[PDB]
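Undergrad:
Protein chains: 4
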Amino acid sequence: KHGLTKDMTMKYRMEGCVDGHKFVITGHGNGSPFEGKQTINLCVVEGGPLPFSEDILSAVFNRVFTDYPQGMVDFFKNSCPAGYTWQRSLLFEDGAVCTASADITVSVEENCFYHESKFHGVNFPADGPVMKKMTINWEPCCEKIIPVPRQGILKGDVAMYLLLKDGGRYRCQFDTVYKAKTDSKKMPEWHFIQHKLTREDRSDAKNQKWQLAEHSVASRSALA
Amino acid sequence: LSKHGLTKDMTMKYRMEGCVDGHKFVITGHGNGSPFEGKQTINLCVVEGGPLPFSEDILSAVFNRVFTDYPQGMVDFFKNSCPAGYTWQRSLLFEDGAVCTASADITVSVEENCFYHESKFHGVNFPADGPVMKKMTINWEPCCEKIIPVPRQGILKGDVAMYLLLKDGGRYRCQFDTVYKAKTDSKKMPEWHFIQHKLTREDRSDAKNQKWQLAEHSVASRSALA
Amino acid sequence: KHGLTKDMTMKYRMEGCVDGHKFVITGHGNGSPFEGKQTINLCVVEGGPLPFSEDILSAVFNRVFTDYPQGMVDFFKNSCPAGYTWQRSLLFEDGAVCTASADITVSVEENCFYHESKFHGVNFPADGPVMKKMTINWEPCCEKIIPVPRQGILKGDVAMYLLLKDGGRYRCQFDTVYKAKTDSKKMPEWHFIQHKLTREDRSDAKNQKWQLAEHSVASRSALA
Amino acid sequence: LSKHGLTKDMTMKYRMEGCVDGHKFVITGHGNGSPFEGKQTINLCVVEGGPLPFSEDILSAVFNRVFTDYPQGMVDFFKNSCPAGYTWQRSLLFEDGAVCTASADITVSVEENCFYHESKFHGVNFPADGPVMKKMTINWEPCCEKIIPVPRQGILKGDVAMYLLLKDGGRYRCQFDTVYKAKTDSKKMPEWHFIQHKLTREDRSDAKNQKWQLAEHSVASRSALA
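Protein chains in written order, with the entry's author numbering: chain B, 5 to 65, 69 to 231; chain A, 3 to 65, 69 to 231; chain B', 5 to 65, 69 to 231; chain A', 3 to 65, 69 to 231. A prime marks a further copy of an entry chain.
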């Protein structure tokens with residue numbers, strides 16, 4: 005129901021700019037919304053190769072792909088098929104700052120998600136891990152999701168870590184606001200979503216490209 | 003297995019010396035709990051400087070990760086450090102610019118089956134019109150703290166964005182960053198993990214003293230994703 | 005010299021997005037680079053009226072307009088006529104985050120500045136002063152300017168305040184990186200720039216528009 | 003005009019109690035300066051807990070805005086509070102996540118022509134490999150602090166992004182946020198303004214004690230733009 009089926013496809017377009025370097029990424033995906041599982045295949049269409057680590061972009065590419076237990080309000084599935092939008096700041100530990108946003112829609116006819124995104128990054132230091140391309144993946148995490156009932160929005164809060172080639176970690180604070188396109192009659196209570204997001208490089212002579220895989224699962228506090 | 007010097011049911015004694023915006027105070031107390039269950043109850047009294055002009059909830063998380074239920078198969082850094090115990094240091098950055106520093110030293114007296122917990126707390130710049138100075142805070146919301154090993158140094162770091170829930174139904178955010186150190190060298194270090202916590206306060210003050218009870222339940226876990 | 009004259013003109017284009025609301029601003033200006041004085045006339049061409057305070061945008065519209076004392080290296084005038092670029096994060100006290108960047112060029116032939124800018128803002132609270140349009144002006148300030156000699160860039164650091172209708176103030180941290188297009192042989196030592204920037208609303212039935220005026224003056228520490 | 007209880011040339015005495023990552027210490031000292039010139043020299047000795055395992059520069063700005074040259078025509082909040090004096094509270098957020106809180110109480114003994122300065126300092130989470138624990142800091146760079154009145158409450162707030170300059174020619178940032186309170190009610194409040202500061206340290210330690218001299222020159226100003 006909700007324009008959703010067990011197995012679905014996705015189409016992506018991101019327009020971005022990081023320290024003045026413009027780029028465009030397009031892509032396609034498949035996954036299973038009720039399992040909170042997705043696979044995403046991206047290609048740098050303009051501005052490639054990227055002079056910064058592509059890992060900074062990965063979490064911009069849809070909380071409809073979350074496994075919500077029975078009994079928990081699913082704000083994101085409830086927003087479908089019209090969809091939902093989000094806005095996020097990324098505050099990195101070395102003073103780099105990004106802003107990101109996206110618009111998610113379901114084409115029922117087509118059993119497809121259309122995802123349009125924007126990304127703006129400033130002040131990545133020249134010899135930092137993003138510009139030296141020393142990143143490998145984000146570490147799995149636990150995001151806290153908070154309702155703001157008076158406004159019909161959710162906020163998310165997670166302290167993320169990007170794992171580095173030498174074994175270190177590079178921290179980034181994510182702060183997100185999530186809004187349905189049509190204000191739903193039901194709001195969840197606060198909860199967690201755990202996430203694991205991985206990148207596999209698929210780049211060839213012609214184009215820079217890669218595959219992301221995500222698994223996300225919502226839960227309540229484990230303490231009675 | 004006995005080597006930690008711990009038992010199923012134990013007691014604790016507390017002393018805290020603090021200062022929040024120039025107001026000096028001393029808190030003492032006693033507790034009981036079950037360290038392998040990650041459960042404790044703590045009874046505190048303001049023995050100098052009472053009544054406090056700021057919300058006592060800013061203090062609550064100062065009062069012992071030996072009281073965490075660690076699943077088998079995870080390395081328990083804290084109980085591994087017993088009975089000598091461990092120390093920690095924490096920054097608290099509140100959303101309205103207030104800042105606190107806190108530190109503590111935990112030791113086990115095996116003969117008394119009792120923890121000795123000594124702490125220090127300094128806070129600055131709580132706005133006169135905010136929830137701490139207006140005593141509008143009711144409880145910390147239950148949370149999920151990330152714990153990260155620093156194998157180079159044999160310490161752990163913890164990171165958690167905490168929220169105090171307010172009388173009016175609002176929420177007030179505070180970022181905790183903590184460094185956890187054993188008093189002697191862990192042969193073993195954990196992988197990164199989570200600790201979920203739930204910490205509650207019930208006021209027990211009367212005409213003689215400002216007093217309150219805390220209760221904590223804390224449980225460690227790994228990522229739920231394969 | 006440097007493609008500069010005492011009296012010059014400017015042309016502006018900004019493409020922006022703040023909490024998903026797209027907009028385009030164009031404009032024209034006149035001022036005097038050596039006096040650090042400029043007047044800027046802006047019009048919201050797409051996306052108007054703006055649903056957020058326009059004051060958040062004002063400091064995106069050129070450090071060529073700084074009065075540098077004799078004896079102090081002028082990184083910005085030295086970059087002319089090719090120009091300079093900059094990237095900035097704006098961290099507001101209520102969790103709102105913006106990223107901004109711009110590209111400045113001098114048309115010598117035309118005695119004109121071409122200024123192209125981008126602005127992305129997320130997470131302005133609905134009942135905050137930006138969305139309630141409770142702002143009047145930025146308070147004059149003192150920015151610290153620091154050289155990074157190994158890289159040929161400058162960083163700037165200023166804690167800004169937006170004055171509110173009720174008499175309050177709303178703080179925003181500015182962190183900027185400034186880069187010449189052609190790496191200059193000379194770098195300044197650290198210094199201050201003081202700035203005063205004002206807005207006058209010029210809006211009519213057809214379009215939202217306003218005028219900015221800036222005066223900026225560089226100095227060294229006043230302590231021997 | 004005499005009402006402040008100050009004179010052209012005055013002395014000071016200091017005591018600081020502190021703790022940085024569990025290392026306790028006490029510093030005492032003496033000073034001389036000229037409060038209307040905004041100039042002072044301060045001589046400090048580590049009397050308990052020495053030698054310090056962290057850079058003493060993290061402490062320097064703990065040691069009195071009565072020592073500011075205010076131009077005529079500006080309201081001098083600090084000298085207006087004399088001779089009773091004033092108090093302050095400050096957060097120090099360093100760029101590598103270390104956090105300090107500091108507070109002090111300044112009083113004038115008019116009979117001794119001497120300031121009594123009592124302070125407290127708590128710091129946490131300096132990385133073992135950073136410049137503070139490696140003693141790589143040489144001096145704070147001269148700065149420009151914004152001072153803002155809060156007329157509702159009769160306090161001032163100050164805001165300054167400070168940088169410690171390192172042996173290697175690098176720089177290490179620290180955000181200072183301070184609240185300044187007079188001990189009794191200012192009939193008068195300043196408009197917002199700037200204070201430019203220059204604070205220097207020269208080590209004077211020997212085989213017996215860790216000791217150093219600070220010197221400060223601080224001058225208030227208004228915006229330079231019409």
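Yeah, the Cβ is synthetic: ideal placement off N, Cα and C, and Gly gets one too.
By the 9 Å beta-carbon criterion, what residues does the stretch 161-189 of chain A' contribute toward chain A?
TA: Within the stretch 161-189 of chain A', the qualifying residues are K162, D182, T183, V184 and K186.
Undergrad: Decide if residue 2 (chain B) is buried, meaning its Cβ has at least 16 other Cβ atoms within 10 Å, or exposed.
TA: In the structure as shown, chain B begins at 5 and stops at 231. Residue 2 (chain B) is therefore absent and cannot be evaluated.
Undergrad: Would you list the one or two residues that DSSP bridges to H202 (chain B')?
TA: For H202 (chain B'), which the question treats as bridged, DSSP gives the partners B':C148 and B':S223.
Undergrad: What distance in whole Å lies between the Cβ atoms of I60 (chain B) and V113 (chain B), which are believed to be in contact at a cut-off of 8 Å?
TA: With 8 Å as the limit, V113 (chain B) and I60 (chain B) do not qualify as a contact, their Cβ atoms being about 27 Å apart.
Undergrad: Just the Cα atoms here: how many angstroms apart are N69 (chain A) and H222 (chain A)?
TA: Each residue's Cα considered, the two are about 11 Å apart.
Undergrad: So, at 6 Å on beta carbons, what are the nonlocal neighbours of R17 (chain B) in its own chain, with the 5 sequence-adjacent residues on each side left out?
TA: If we look at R17 (chain B) and ignore the five residues flanking it on each side, its Cβ neighbours are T30 and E123.
Undergrad: Measuring only the C-alpha atoms, how far is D23 (chain B') from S108 (chain B)?
TA: Whole-angstrom Cα-Cα distance: 8 Å.
Undergrad: Using C-beta distances below 6 Å, list every residue in its chain close to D81 (chain B'), excluding the 5 sequence neighbours before and after it, in chain order.
TA: Cβ neighbours of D81 (chain B') beyond the five flanking positions: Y75.
Undergrad: Run through chain B and tell me which residues come within less than 7 Å of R95 (chain B'), C-beta to C-beta.
TA: Those are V129, listed as they occur along chain B.
Undergrad: At the 7 Å Cβ level, is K41 (chain A) part of the contact set with chain B, yes or no?
TA: For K41 (chain A), the answer is no, since every Cβ of chain B falls outside 7 Å of its Cβ.
Undergrad: My output table needs one value for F72 (chain A'): the three-state DSSP class, helix, strand or coil.
TA: Three-state DSSP puts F72 (chain A') in coil, outside helix and strand.
Undergrad: Could you tell me the alpha carbon to alpha carbon distance between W145 (chain A') and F65 (chain A'), rounded to whole angstroms?
TA: Near 14 Å, if we compare the C-alpha coordinates of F65 (chain A') and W145 (chain A').
Undergrad: Look up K10 (chain A) in the DSSP assignment and say whether it is helix, strand or coil.
TA: In this structure, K10 (chain A) counts as coil in the three-state DSSP scheme.
Undergrad: At a Cβ threshold of 7 Å, is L230 (chain A') touching chain B'?
TA: It does: the Cβ of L230 (chain A') has a partner Cβ on chain B' nearer than 7 Å.
Undergrad: Closer than 6 Å by C-beta to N45 (chain A): which residues in its own chain qualify, once you throw out the five before and the five after it? Chain order, please.
TA: Excluding positions up to five away in sequence, the list reads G31, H32 and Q218.
Undergrad: Evaluate contact between the stretch 173-180 of chain B and the stretch 99-106 of chain B, counting only Cβ atoms and requiring at least three cross-stretch pairs below 8 Å.
TA: Yes, the stretch 173-180 of chain B touches the stretch 99-106 of chain B.
Undergrad: Note down the Cα distance separating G78 (chain A) from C21 (chain A'), rounded to an integer number of angstroms.
TA: When rounded, the distance between both Cα atoms is 37 Å.
Undergrad: My parser needs the beta strand (DSSP E) runs of 3 or more residues fully inside the stretch 11-59 of chain A'; what are they?
TA: Listed in chain order, the complete beta strand (DSSP E) runs (minimum 3 residues) inside the stretch 11-59 of chain A' are 12-22, 25-36 and 41-50.
Undergrad: For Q158 (chain A'), count neighbouring C-beta atoms within 10 Å of its own C-beta (all shown protein chains included) and say buried if the count is 16 or more, exposed if not.
TA: Exposed.
Undergrad: Excluding sequence positions up to five away, which residues of its chain have a Cβ less than 7 Å from the Cβ of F126 (chain A)?
TA: Taken in chain order, the residues that qualify are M18, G20, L61, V64, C105 and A107.
Undergrad: Closer than 8 Å by beta-carbon distance: list the chain A' residues that pair up with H222 (chain B'), in chain order.
TA: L230 and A231, listed in chain order.
Undergrad: Between the alpha carbons of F131 (chain A) and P154 (chain A), how many angstroms are there, rounded?
TA: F131 (chain A) and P154 (chain A): Cα-Cα distance of roughly 32 Å.
Undergrad: DSSP on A133 (chain B), reduced to helix/strand/coil?
TA: In this structure, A133 (chain B) counts as coil in the three-state DSSP scheme.
Undergrad: Judging by CA-CA distance, which residue of A:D173, A:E150 and A:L171 is the nearest neighbour of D164 (chain A)?
TA: Selected option, being the one with the closest Cα: A:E150.
Undergrad: Kindly indicate the opening and closing residues of the alpha helix (DSSP H) around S86 (chain B).
TA: That run of the alpha helix (DSSP H) goes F82 to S86.
Undergrad: From this set, A:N118, A:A229, A:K84 and A:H198, which residue's C-alpha is nearest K186 (chain A)'s C-alpha?
TA: Nearest C-alpha to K186 (chain A): A:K84.
Undergrad: Considering only the alpha carbon of each residue, which of B:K26, B:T43 and B:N34 lies closest to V49 (chain B)?
TA: Selected option, being the one with the closest Cα: B:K26.
Undergrad: My output table needs one value for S210 (chain A): the three-state DSSP class, helix, strand or coil.
TA: Coil at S210 (chain A), not helix or strand.
Undergrad: By Cβ distance, which residues of its chain are closer than 8 Å to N34 (chain B), with the 5 residues on each side in sequence left out?
TA: Excluding sequence neighbours, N34 (chain B) sits near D11, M12, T13, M14, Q42 and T43.
Undergrad: Rounded to whole angstroms, what is the Cα-Cα separation between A166 (chain A') and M194 (chain B')?
TA: The straight-line gap from Cα to Cα measures roughly 22 Å.
Undergrad: Answer yes or no: do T73 (chain A') and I200 (chain A') have a C-beta to C-beta separation smaller than 7 Å?
TA: Contact: yes.
Undergrad: How is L61 (chain A) classed by DSSP in three states: helix, strand or coil?
TA: In the structure shown, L61 (chain A) sits in a helix (DSSP, three-state: H, G or I).
Undergrad: How many Å lie between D190 (chain B) and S86 (chain B) at the Cα?
TA: Near 8 Å, if we compare the C-alpha coordinates of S86 (chain B) and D190 (chain B).
Undergrad: Under 6 Å Cβ to Cβ from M141 (chain B'), same chain only, skipping five residues before and after it: list those, please.
TA: Taken in chain order, the residues that qualify are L171 and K172.
Undergrad: Just curious, the beta strand (DSSP E) that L97 (chain B) is in, first and last residue?
TA: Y91 to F99 is the span of the beta strand (DSSP E), which, as asked, contains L97 (chain B).
Undergrad: Using the rule of at least 16 other Cβ atoms within 10 Å of the residue's Cβ for burial, across every protein chain shown, is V115 (chain A') buried or exposed?
TA: Exposed is the call here.
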